[PDB]
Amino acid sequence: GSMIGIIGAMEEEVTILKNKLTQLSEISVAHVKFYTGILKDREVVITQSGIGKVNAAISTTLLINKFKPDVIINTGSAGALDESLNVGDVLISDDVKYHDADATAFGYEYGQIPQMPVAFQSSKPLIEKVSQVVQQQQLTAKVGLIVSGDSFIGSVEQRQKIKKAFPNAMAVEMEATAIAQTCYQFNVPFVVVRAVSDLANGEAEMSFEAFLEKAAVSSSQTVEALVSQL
């Protein structure tokens, strides 16, 4: 309803949404940049976090405590694990989990942090709303499991290891599961809305330089239209 939080890692991933604001205004704390304004008639706070799990958890903790948002949306790029996906397609989270956490010496599941749940669940009412939006705009999309870690997956060897341990995973990136862990600790609803920049294989670095802009346009176009429904 009344206050919407929006979070992305890199300048290329937040610049499109920041230029659409009327009456923009800017605030600095430690390394984090916050932009307050009006978008499609609702009040929002846009946040630039930095890369990886620790930078995303510091930015999320400050967002919640300073601005008191009703929901949090994560935007940006990612790598495809499902063979039916192409560059540009939209990615909507159902559940999220770590591919690089191992406390099995103590009997926990592969991917699980000691004393926490196996996976974190995105908000049902937000999933339902955004699937209807992607139809109206005519943009190809898919709902599924996203996995996170502190590495860039850029080889066939790395990719094959992840698909054998988690056969239902659809895509891979560096912040979503850290932002979801933080929202669980404070009880705030959350969803991921990203798009494909690369296929996470021996071509991943050359694909990412060519297609980072294209994935930010797809992703930002869907988030703009969803805010106008909330």
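Just count from 1 along the sequence shown to find any residue number.
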* Compare the mean C-alpha B-factor of 45-53 with that of 65-73 as given in the PDB entry, and name the stretch with the higher value. => 65-73
* To do: Quick one: say whether 200-208 or 175-183 has the higher mean Cα B-factor in the deposited entry.
  => 200-208
* Asked: If you compare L145, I153, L91, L139, which has the highest Cα B-factor in the entry?
  -> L139
* Structure fact -> Among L81, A78, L126, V133, highest Cα B-factor in the entry goes to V133
* **Modelled-residue ranking by C-alpha temperature factor, third containing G107** => highest
* Structure fact -> Split the chain's modelled residues into thirds by Cα B-factor; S59 lands in the lowest
* Third of chain Cα B-factors occupied by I7 -> lowest
* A30 by Cα B-factor - lowest, middle or highest third of the modelled chain -> highest
* To do: Consider only the C-alpha atoms of the modelled residues in this chain, order them by B-factor as the entry records it, and name the third containing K40: lowest, middle or highest.
  => highest
